[PDB]
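Structure 1 and structure 2, given next as structure tokens, are two forms of the same protein chain, each shown alone.
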Structure 1
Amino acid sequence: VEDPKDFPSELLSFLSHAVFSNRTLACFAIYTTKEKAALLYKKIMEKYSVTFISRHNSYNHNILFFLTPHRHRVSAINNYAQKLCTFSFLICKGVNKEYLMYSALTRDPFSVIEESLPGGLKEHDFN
């Protein structure tokens, strides 16, 4: 109901917009509640052995941004993360523009709650 139906309109140009692709990527984003972002961060971190993960503030909910050293399907990440929940909203999408998406998440009206490397894609190549 009041739950978002997509990511914030300001992030949309950075996200993947495939509906029918079997393409795999290495940068994903997840939009969920405050409660689930905490749990998801660690779980996701361990499962996918993330080269990077950050947790962000978004309009009274949270966004998880993360890079993975291996390629995954958006639906594979989605399925893994839905099997934690039930039960609360979750939008999961591939990210096409990693620097841009990261840096947008560090500025208003978004902010960093916590991240696994300080400064992230601004301070580190993940090449």
Structure 2
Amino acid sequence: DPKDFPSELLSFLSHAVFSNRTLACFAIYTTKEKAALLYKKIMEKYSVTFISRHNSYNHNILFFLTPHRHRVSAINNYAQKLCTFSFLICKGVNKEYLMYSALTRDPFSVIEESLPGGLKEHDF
């Protein structure tokens, strides 16, 4: 199992998962089956402004923007505990538009998302 996000995405993320800094943009790296489940569950739980699910290195990345702010560890506590089997990396996204954009391009691709083409820069 991966221990972190793919290397080409790291610079877009916050790496202190127990930070007290609240954010609205998060990513989750997990298996494709866990991601497919969580796509729906996270969308409902947090009434997300946007969520997308992507292919990444034989697994999946979820990218989402919530309307209200949360700590990374609160999002993780919800997501990680739904299904604890296998891996799940949950980090805040600092560079929101660049992260999503990279996730739509080789070596990544969009599987499904809640708004075709994603959000614009000013939405973040």
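Throughout, residue numbering runs from 1 along the sequence of structure 1. We call the rigid core the largest set of C-alpha positions that still match within 1.5 Å between the two forms.
The form deposited with the DNA bound corresponds to structure 1; structure 2 is the other form. Here the two forms are overlaid on the core, and between structures 1 and 2 the C-alpha of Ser21 is the only one among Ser103, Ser116, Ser21, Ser111 to shift by 2 Å or more. On rigid-core superposition between structures 1 and 2, the C-alpha of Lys83 is found to move 1.3 angstrom.
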